[PDB]
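Just the one chain here, the form deposited in one PDB entry, laid out as structure tokens.
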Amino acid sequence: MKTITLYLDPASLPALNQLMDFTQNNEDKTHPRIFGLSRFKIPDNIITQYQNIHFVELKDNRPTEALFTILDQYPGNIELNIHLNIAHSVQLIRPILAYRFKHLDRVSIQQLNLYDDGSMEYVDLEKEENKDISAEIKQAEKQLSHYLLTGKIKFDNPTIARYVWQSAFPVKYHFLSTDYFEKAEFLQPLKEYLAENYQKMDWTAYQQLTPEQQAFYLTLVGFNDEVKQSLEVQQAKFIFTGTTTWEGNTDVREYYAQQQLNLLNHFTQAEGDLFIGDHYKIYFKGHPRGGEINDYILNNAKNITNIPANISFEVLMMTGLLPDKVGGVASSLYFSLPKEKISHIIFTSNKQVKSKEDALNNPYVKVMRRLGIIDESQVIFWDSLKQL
């Protein structure tokens, strides 16, 4: 039987891990590979190095039916080595289990590798507190059992269903926070249930790659040598997390850019409330949708290094190139940063957040403070920061 490897993810972190797995196996030029990574465009001059390499789009967290037309090209007994986003695993595997069910004679699942989307899985599991988690697991197993007949896609508990894959397939989970599963008491029946099928997400695989594969991976994730160069400076590094706009009582976007430079100055200037030290090299990490606001900040900030807004923090962590300190406007990205690297997280105004107390009740901030990742004093409501 032929193994076909499937790499599926609508988001970023699983994809970045799956592109790592491909890099690790990149000497194999003809292994059947199907890439459904919505956010990553593999360059042609990588693709043409390979054969039996295929691409499928995702629509609504599911590969399209063009997936079947690819799999049809492989008429043998085939087993599927599948890589998935955890939060979206059910929808992603839907069309795959359909192809399986439609060809039970010859198609089997070799194994699953599942990676956190991010803060989402953990914000989701918090909502499950006060449920009988043992009971929820068993029901979801029961429903999965009836489902690789497709007599199911009605999970009573969509969140817990993400974690019963072992009842049917060999699986490995890669968790952003194993500390959460081990320390959330309500999740003890799930922790124990999962036994040896989970591990902490590795951030170090890049370190064990060859320099050739390291360069390969940087190409896969669109991380050029000049940005890399900037981030290897033998000096303390601070990275400011930029944003778009908020409720500033104006729709003049330049005002939001200006304000963000004020926020930056609170880290970089001795007068600022959150001054990090004179010895820090300053970087700006713009929001991906920041647009011309990122252009404004760049053009009006002195002695800063821009890190292209399409470069994610997850890629900085995958590559071992995360700064000494991260600070600035709140984003879910902070949930996955090492505790010792978080300086101050600044929440701007919106419908939900109109104060520091509001910001301390942010769903990912709740997970964070529970895990001891941050202190309340690290959470700043933007209005308490004076005009410099």
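Note that residue numbering follows the sequence shown and begins at 1. Under this definition, the rigid core comprises the largest set of C-alpha atoms superposing within 1.5 Å between the forms.
Beyond the structure shown, there is the form deposited in another entry, which is absent from this document and is the topic of what follows.
For the list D72, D202, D179, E232, which one shows a CA move of 2 Å or more between the shown form and the other one after the core is fit?
Only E232 moves by 2 Å or more at its C-alpha.
Using a rigid core alignment, state whether the CA of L263 is displaced by 2 Å or more between the shown form and the other one.
Superposed on the core, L263 moves its C-alpha 2 Å or more between the shown form and the other one.
Using a superposition on the rigid core, decide whether the Cα position of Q91 changes by 2 angstroms or more between the shown form and the other one.
For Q91, whose C-alpha is compared between the shown form and the other one after core superposition, the shift is less than 2 Å.
Do you see a C-alpha shift of 2 Å or more at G118 between the shown form and the other one, with the core held fixed?
No.
Inter-Cα distance between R289 and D117 in the other entry, nearer or further [3 Å or more]
Relative to the shown form, the pair is closer.
By 3 Å or more, the Cα spacing of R289 and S12 differs in the other entry; is it closer or farther than in this view?
Their C-alpha distance shrinks by at least 3 Å in the other entry.
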